[PDB]
Every structure is written in C-alpha cells, then in structure tokens.
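Visitor: Residue numbers (the entry's author numbering), protein chains in the order written: chain A, 593 to 776, 783; chain B, 596 to 631, 634 to 638; chain C, 687 to 775, 783 to 815; chain D, 593 to 686; chain E, 396 to 541; chain F, 493 to 510, 513 to 541.
Just so it is clear, CB atoms sit at the ideal spot from N, CA and C, and this is done for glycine as well.
Take a look at the following structure, please.
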Ligand SMILES: C=C(C)[C@H]1CN[C@H](C(=O)O)[C@H]1CC(=O)O
Ligand SMILES: C=C(C)[C@H]1CN[C@H](C(=O)O)[C@H]1CC(=O)O
C-alpha cells in the first residue's frame, strides 16, 4: 500500500541523494576540468624529513655556502644530509644538475637559484619545474673594485634602468619571450 | 489519460529541474577549483 | 589606514595600490575582508639611510648583509607579520557542510513524520 | 518485494550505475568545457616556441622573406627556428 | 674592461660568432645590460670572459680570490657584470651596486605524472566524512521507516 | 643593501563566503516558491 509518512521520508531522502549525486558529478567534473595535482615535494621541509628523494646543490657557489653557513633547523639538517650523502650529490655545472634531474628519473632534486630555474623551466623538453617559494631573498649586482670611479655611476645607472622598467622588459626578453613553454585527448 | 500525461510532464519537469541543479552545481565546484592574473586590468 | 578604510567602506568599488609589505600585513588583520591580487608591479626594497659620507654607512651596510645571510630578517618578519595574524591560521576541495545540512532537515522530516504518525494512531 | 538479497543487489547496482552516469556527465561536461577555450594563435606564437610540432613556409616567396626580414619578437624567433631546423621545414610548392 | 662568464641566458655565444669580433660575438641579458650601463656612463668597453671560468671565492689556506671578483681585486678587470650573487664575503673585498635582479634559492624537480586513482580517489568527490555521514543517514532513515 | 624586498601591489576586497540553506541556494529559495507551488498545484489537480 501507500503510507504518507514513508512517502515523505522517501521523498526527503530522494532529494537528499539527489543533492549528494549532483555534488558528486559536480566535484568530479571539476577534478577532470582543472586536473590539479598535489605537489610531490611542496614545503622545503619535505626534503629534510625524507631520505628517499635525494637533493643537492652545485659543488661551488653562493647556494652551497648558504647551506654551509646556515643555522636554520631545516636548512642545517639539509646541509648535514648533503655533506654526508654517498654517492656524490653535488654537481659541477648547472647543465649537469639539470641533466641529473632529467636522467635521475625523478630521484634527484636540484636546489638552484630561482632565475636559472625559471629559465630551464622554459626549455625543452619542458619536463622540469620550480616548486614552493624561495628559500631566501637575494639579488644580483654589478661589481666594481673597492674605491673605483665606476661605483657611483653604476649604482645610479642600475636604479635608473630599474625604475623605468627596462630590467623587467629585458628579463622578459631573455626568459619568457623566447620561452618554449609560456603561459604555463 | 489525464493524470497520466500530468504525471509524465511533471516527470519531465522535475527532470529538467534536477538537471539544471546538477549543471549549476558543476559550474560552482568547477569555479571553486578555478582561481580568480594580470595587474593591468 | 585611510586607503584600507576606503577599500572596506567602498563596498568593493575602490582598489588600493600600495607596497606589498603593508598589503601582506593588512591581509592578516580583522575584519579580514581584504587581500593582495597578482604579482608586484615592480621590484624595490627598503634600506638603512645614512648621510652622504657618513662613518656609520659601511658598518651598517655590512651589518645588514650579515643579518640577512644568517636569516634574522625573515624570522623578524614572521614575528611581526605572520605570528600574530588574526585572519590567517584544513584546506580541501570538498567540505561536507554543503551536502550535510540536508541530514539535519531530513532529521526534521523523520521527527515530524514520526510525530504525525504518533498523533495518527493516538 | 522486500527480499533482502535481491534488494541489496538492486541497491548496490543502483549506486554503481549512479556513480558511472555521474562520471559520464562529469567527463562530458569537462570535455565540452575544454573544447571552446582559446586555441594558440599568439599562443601559436608561443606554440611556434614549442618544438614538438614542426612549422614552415615556402622555400622561396614573400612569406619566407617576411620572416627573414622581420624585427618582431615572435616572427624573428620563428625564423631563427626555421632556418636552423632539422630536418628541413621548407617546402617547394603550396 | 668588463669581465663576465658564459651562462645562459646571461651571456651566450652567437651562432655565427666565428666570423664576428669584439663585443658583437656575445649575446644575452648581461650584454644588453652592459650596453645600457655603458651608455649611461658614456664609456667604451670590451667584454671579456673570466679566465678560470669561476665566480668570486677565496681559498682558505692561500687566501687568494679566484673568478671575476678576483679579477676585480687584483686589477685584472675594471667592472664585473654577470649573474653574481651579492654576498657578505664578496661585499667585503669589492663593491656591489643595488640589485638589478631579485632572486632566491628554489627547488627544481621533475614533473610527476598523476598516480592511479584506485579505490580511494573516486571516493574523493564524496568525502570519507560524507561516506560515514551518508551511511549514518542511510541507517538513520532505514531505522525510521522501520 | 635591501633588508627587505617588496614591490607595488594591488589590494582588493574579497568577501567572506559561508548548511541545508547552502544546498538550497542553487535552488535559490525560488524552488520552494515555484516547484512547491507547482507541487501542491499538481497534487491538487490529481486530487
Ligand atoms: C652559476 C653559478 C655557478 C653561480 C651563478 N650565481 C651563483 C653565485 O653567484 O654563487 C652560482 C650558482 C649557485 O651558487 O647555485
Ligand atoms: C603562391 C605563391 C608561390 C606566391 C604568390 N605570392 C607569394 C610571392 O609573391 O612570393 C608566393 C606565396 C608565398 O610566398 O607565400
């Protein structure tokens, strides 16, 4: 027979599972449309807490010296690992490090300055990328001998070029303009 | 015959409604995945 | 403060162009309805100023670099920006509460239907 | 009627085909969402910068000279790839 | 005399560089930048690649600076325009101008391909919390109809 | 040398977004007005 209570209960439940399945279709459609993937190593703390994924820097430079002179817990732990890692985790050149990432089968992580990383991220076959924010804030500068006559003009020159936005334009010229993969069946 | 076509057209009615719901909700969650990039705007 | 207040009292009709630092600060302050959008229009920085040809210029310069390399500046920023943040500080694509409230209205239905049944046999 | 074995069979099957049709609707909606997006054009100028797909002009004519004599950021880059491309990307006829 | 180092895309050798001479056989960011700096200061310059091919570093036991900074301190070059990181150890021996480019140490990894969803990922559009709750409501309706 | 690096950015107002009501919102409260008036309006016809 037909009962009113069971009818309206069945109705509310029907509306319920309706909301449920519509939400399911919606969320799955979203997952497939955007196809966002979770970062394999997201935090910089994810490299220090695991020994499975190797990570290293150049055999010489400001980055290696940054890990050498670091008192930070994570970065100090990372340096402690990198100095004790066998086989050698350090590379001689940037191209060697990149080649080690691509030939490592994803077992090697390359710690490099954001600039070259942004450059190589724009180079074929575009299988590399930068993850997470920068570990520190530094900059490149035009060097002159101590007490040089060129120091004052180069200092004023850099600021002049920067404020008129030529540095950003030139950077776009050599990085993102000629970049193979731009703008991120 | 009367109640039959009434129930049928009503079926089509709630069908279109729930379809519109599922479609709109799909837009909602897809937009949720989506973000809000240029400063020149 | 006037710019921020104009954004908040503008009802979203006003946009405030300011340095990224202060924007990152205000993004952490109540009522917490404001945010920074897009990357920076340029790249600048703050510096310790000294009179031209001062005896104090070289040591403060090397001091700044010294503090910067040992990472004290960033810790200090986390201290005055992100440590006390009222807005900031469980992020996933799905939250039940959208599909969950129907559980509650369904319970409304179960209790009311049960109730009318009880008054039907009574 | 209320037969429990067959009932749970019908329920689990209902849920099964439910998930399936939801997946189809979702995938078709996503597909049709991707289709109408902007194709590379000035991004084909970015695609000209992608090396997976070869692209070229006639071995002689006004188009090739348009790329040779170009000072534009894009078209000159395109010429830079096409003249140095292995294998040869130029054709003799249309 | 401008000292620099071959590093992409800061300083690169042109394809035709064998038939070219002077500063016309070099190209990159630091090249255009050097041109601009030289134009603002109004001086003629000559682009030279660093001899040992290194950056500024001091050896511990010998106390001798190598690379471009070494070429600046020992008067082998008059200016260094290259992707040279401004550091304290370098600033003590030479002078750095204001940063013409801002950067930081980052992580370069290979793009991972999405792992197979399996039995627990198709569930994700309906949360585990929602599965437990939809089951609680499942047995919560079947108990009322009961 | 810069002890803090920054840049000119844009501050905009983003409203905070917040149940059964939320599941009712794509219906936009107007399903209770339209679909329910059509519900009792069909049930009265069948009546
Ligand atoms: C490319 C090299 C070896 C140089 C360039 N800048 C950094 C520097 O000035 O130390 C070094 C890279 C690094 O240290 O990772
Ligand atoms: C159709 C051909 C081969 C001619 C016609 N006009 C161009 C010309 O004046 O050379 C050529 C086409 C081209 O170069 O794309």
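What do you reckon, is the C-beta of residue 648 of chain D under 6 Å from a heavy atom of ligand 2?
Guide: no
Visitor: Looking at ligand 1, does it come within less than 6 Å of residue 655 of chain D, judged from the CB to the closest heavy atom?
Guide: No.
Visitor: Going along the chain, which residues of its own chain have a beta-carbon closer than 7 Å to the beta-carbon of residue 666 of chain A, five neighbours each way excluded?
Guide: Shown here for residue 666 of chain A: same chain residues with a beta carbon closer than 7 Å to its own, the five before and five after excluded, namely 636, 637 and 640 in chain order.
Visitor: Please identify, using Cβ separations under 7 Å, the residues of the stretch 608–624 of chain A that lie next to chain B, in order along the chain.
Guide: Residues of the stretch 608–624 of chain A with a C-beta atom less than 7 Å from some C-beta of chain B are 610, 614, 615, 617, 618, 619, 621 and 622, listed in chain order.
Visitor: Output, in chain order, the set of chain D residues within a Cβ distance shorter than 9 Å of residue 716 of chain A.
Guide: 642, 643 and 644
Visitor: Pick out whichever of A/736, A/607 and A/724 has its Cα sitting closest to the Cα of residue 634 of chain A.
Guide: A/724
Visitor: So which residues on chain B does residue 626 of chain A lean against when the C-beta distance must stay under 8 Å?
Guide: Within chain B, the residues near residue 626 of chain A are 625, 628 and 629.
Visitor: Answer yes or no: do residue 501 of chain E and residue 706 of chain A have a C-beta to C-beta separation smaller than 7 Å?
Guide: yes
Visitor: Looking at residue 620 of chain B and residue 618 of chain A, is the spacing between their C-beta atoms short of 7 Å?
Guide: yes
Visitor: Can you list, in chain order, the residues of its chain whose CB lies under 8 Å from that of residue 659 of chain D, leaving out five sequence neighbours each side?
Guide: 649, 667, 668, 670, 671 and 674
Visitor: In or out: residue 702 of chain A buried (at least 16 other Cβ within 10 Å) or exposed?
Guide: buried
Visitor: Give the interface partners of residue 669 of chain D over in chain A, defined as CB-CB distance under 9 Å, in chain order.
Guide: 769 and 770
Visitor: Assuming residue 428 of chain E and residue 704 of chain A make a contact with CB atoms under 8 Å, what is their CB distance in whole Å?
Guide: Taking C-beta atoms under 8 Å as the contact rule, residue 428 of chain E and residue 704 of chain A fail to qualify, at a distance of about 21 Å.
Visitor: Any beta-carbon of chain B closer than 7 Å to the one on residue 724 of chain C?
Guide: yes
Visitor: Got a sec, what are the start and stop residues for the alpha helix (DSSP H) residue 763 of chain A sits in?
Guide: 758–764
Visitor: If you pair each beta-carbon of the stretch 739–758 of chain A with each one of the stretch 513–531 of chain E, do three or more pairs fall below 8 Å?
Guide: no
Visitor: Out of A/728, A/764 and A/713, point me to the one whose CA is closest to residue 495 of chain F's CA.
Guide: A/728
Visitor: Of all the options E/438, E/476 and E/482, which has the alpha carbon lying nearest to the alpha carbon of residue 829 of chain C?
Guide: The requested residue 829 of chain C is not part of the displayed model; chain C covers only 687 to 815.
Visitor: Could you name the residues of the same chain whose beta carbon sits closer than 7 Å to that of residue 518 of chain E, not counting the 5 residues immediately before and after it, in chain order?
Guide: 526
Visitor: Compare the C-beta of residue 527 of chain F with all C-beta atoms of chain C and state if any pair is closer than 7 Å.
Guide: no
Visitor: Step through the CB atoms of chain B and report whether any lies within less than 7 Å of the CB of residue 540 of chain F.
Guide: yes
Visitor: Taking one C-beta from the stretch 465–472 of chain E and one from the stretch 713–722 of chain A each time, how about it: are there three or more such pairs within less than 8 Å?
Guide: no
Visitor: Within 10 angstroms of its Cβ, does residue 419 of chain E collect 16 or more other Cβ (buried), or is it exposed?
Guide: exposed
Visitor: If you measure beta-carbon to beta-carbon, which residues of the stretch 651–680 of chain D are closer than 8 Å to chain A?
Guide: 665 and 669
Visitor: Does the separation of the CB atoms of residue 794 of chain C and residue 513 of chain F fall below 7 Å?
Guide: yes
Visitor: Between the Cα of residue 773 of chain A and those of A/689, A/715 and A/750, spot the shortest distance and give me the residue it belongs to.
Guide: A/715
Visitor: I think residue 520 of chain F touches residue 623 of chain B, with their Cβ atoms under 8 Å apart; what is that distance to the nearest whole Å?
Guide: 7 Å
Visitor: Would you call residue 692 of chain C buried or exposed, if buried means 16 or more other Cβ atoms sit within 10 Å of its Cβ?
Guide: exposed
Visitor: Is the CB-CB distance between residue 425 of chain E and residue 476 of chain E below 7 Å?
Guide: yes
Visitor: Less than 7 Å separating the beta-carbons of residue 499 of chain F and residue 730 of chain C?
Guide: Contact check for residue 499 of chain F against residue 730 of chain C passes: the beta carbons are separated by less than 7 Å.
Visitor: If you draw a straight line from the alpha carbon of residue 415 of chain E to that of residue 397 of chain E, how long is it in whole angstroms?
Guide: 18 Å
Visitor: Following a CB-centred definition, is residue 442 of chain E positioned closer than 6 Å to any heavy atom of ligand 1?
Guide: no
Visitor: Quick one: is residue 774 of chain A near chain D, going by C-beta distance under 7 Å?
Guide: yes
Visitor: What are the partner residues of residue 731 of chain A, as DSSP defines its beta bridges?
Guide: Answer is E/497.
Visitor: From this set, E/408, E/504, E/406 and E/492, which residue's C-alpha is nearest residue 744 of chain A's C-alpha?
Guide: Relative to the Cα of residue 744 of chain A, the nearest Cα in the group E/408, E/504, E/406 and E/492 belongs to E/492.
Visitor: Is residue 679 of chain A close to ligand 1? I mean its beta-carbon at under 6 Å from any heavy atom of the ligand.
Guide: no
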